[PDB]
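Architecture and fold: a report
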Amino acid sequence: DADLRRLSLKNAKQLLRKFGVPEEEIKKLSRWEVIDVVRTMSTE
DNA sequence: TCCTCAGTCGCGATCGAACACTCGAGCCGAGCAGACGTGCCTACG
């Protein structure tokens, strides 16, 4: 979680692109929301 | 060049739900002494 916070908007965006997250969530460009989704995607 | 601002992480902090221990109330079985009767046997007329 702290590691995901360090990940920064640029690399978490690229990770959400890699997992196949839809472009709306990538688009909102909210780092805090993006990390919560990426943590959920990793948990899945 | 800034300049605070919104969304979220880690940790103490208390709180509700559950779980382990205790303790007595009550019932049940065993055990023992005894009474309330039937049958089975002897000293006295």
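- As documented in the archive entry, the model was determined using cryo-EM at 3.04 Å resolution.

**What to know about unusual backbone geometry**
- With a phi angle near 75°, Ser-8 is a residue other than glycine that sits in the positive phi range.
- By the element assignment, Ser-8 lies in helix 2 (residues 8-19).
- According to the relative accessible area criterion, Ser-8 is partly exposed, its value standing at 39%.
- In this structure, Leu-29 takes a positive phi of about 55° despite not being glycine.

**Let's talk about the protein's contact with DNA strand B**
- The environment of DNA strand B is made up of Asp-1, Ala-2, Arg-5, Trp-32, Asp-36 and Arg-39.
- Sugar and phosphate atoms form 89% of the subset of DNA strand B atoms that lie within 4 Å of the protein.
- In this structure, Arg-5 approaches DNA strand B through a side-chain N or O atom, which is 2.8 Å from a sugar or linking oxygen.
- Top element by residues in the surface near DNA strand B is helix 4 (residues 31-43). It accounts for three residues.

**Brief notes about the packing of helix 2 against helix 4**
- Where helix 2 meets helix 4, the axes come as close as 10 Å, and the angle between the chain directions of the two elements is 40°. Judged by the inter-axis angle, helix 2 sits oblique to helix 4. As helix 2 runs across helix 4, the sense of the crossing is left-handed. Across the interface between the two elements, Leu-9, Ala-12, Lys-13, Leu-15, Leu-16 and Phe-19 of helix 2 pack against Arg-31, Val-34, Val-37, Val-38 and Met-41 of helix 4.
- Partitioned by chemical class, the residues of the contact of helix 2 with helix 4 number nine nonpolar, no polar and two charged.

Calculation rules
- Residues numbered from 1 in each chain as written, not as in the entry; some residues may be left out.
- Chains lettered and ligands numbered in written order.
- Part of a larger assembly, values for the part shown.
- Heavy atoms only, no water.
- Helix = DSSP H or I, 4+ residues; strand = E, 2+ residues; numbered from the N terminus.
- Buried < 20%, exposed > 50% of the residue type's maximum accessible area, 1.4 Å probe, protein only.
- Near = heavy atom within 4 Å.
- Polar contact = N/O pair within 3.5 Å; in protein donor to acceptor, adjacent residues only side chain to side chain.
- Axes fitted to C-alpha atoms, helices over the stretch in contact; angles between N-to-C directions.
- Parallel < 35°, antiparallel > 145°, perpendicular 65-115°, else oblique.
- Left-handed = near helix turned anticlockwise from the far one by under 90°.
- Contact = heavy atoms within 4.5 Å.
- Nonpolar A, V, L, I, M, F, W, Y, C, P; charged D, E, K, R; others polar.

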